[PDB]
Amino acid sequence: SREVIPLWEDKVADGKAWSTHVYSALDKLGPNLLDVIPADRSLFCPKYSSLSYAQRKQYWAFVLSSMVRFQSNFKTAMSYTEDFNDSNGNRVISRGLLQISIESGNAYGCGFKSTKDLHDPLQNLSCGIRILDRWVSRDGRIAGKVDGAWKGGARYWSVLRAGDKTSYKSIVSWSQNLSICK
């Protein structure tokens, strides 16, 4: 009786298993995320404050799938060499569905043992829950720039940072037009 279905279920063979993992991992890794009433709800989900717990898990699984859509187009094997360095002076390699890197990701407690673990879709999605759980809850908002500093998920993901990008405008549009949000 879900009202909102994540985009990875449309094409990905394991898409339903990904959703089941996210719904369960949200209980364990996103309890702070799911207690926030975000200050930019008027932008992302106008009716956020009336969502049940189950609807908020449906919402965050959808938003994660919309980020995956533009980060990796659902390709868990994807890697991308960035413009900047890790602390050792090697260019950062972003990996997997949400394009997380091992050094910055492991700072969230994601516990990646090796780079191969970032291409494990379940570990990758769990890490993205951890990142959101930290910053959406600390900043009290999903994204946006407040007094010259990016907030919420935009702290980590440039795909959530406002601008004239198809990715950002689509994530915003898809979120705010979910039946449970509008």
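Residue numbers run from 1 along the displayed sequence.
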| query | finding |
| --- | --- |
| 82-90 or 98-106, whichever carries the higher mean Cα B-factor | 82-90 |
| Per the entry, higher mean C-alpha B factor between 110-118 and 58-66 | 110-118 |
| Candidate residues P38, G30, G128, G148, the one whose C-alpha B factor the record puts highest | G148 |
| CA B-factor ranking of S175, expressed as a third of its chain | lowest |
| Record-listed C-alpha B factor of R141: chain third | lowest |
| Third assignment of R134 from its chain's C-alpha B-factors | middle |
| Position of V22 among the chain's modelled residues by C-alpha B-factor, lowest, middle or highest third | lowest |
| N124 CA temperature factor, ranked by third within the chain | lowest |
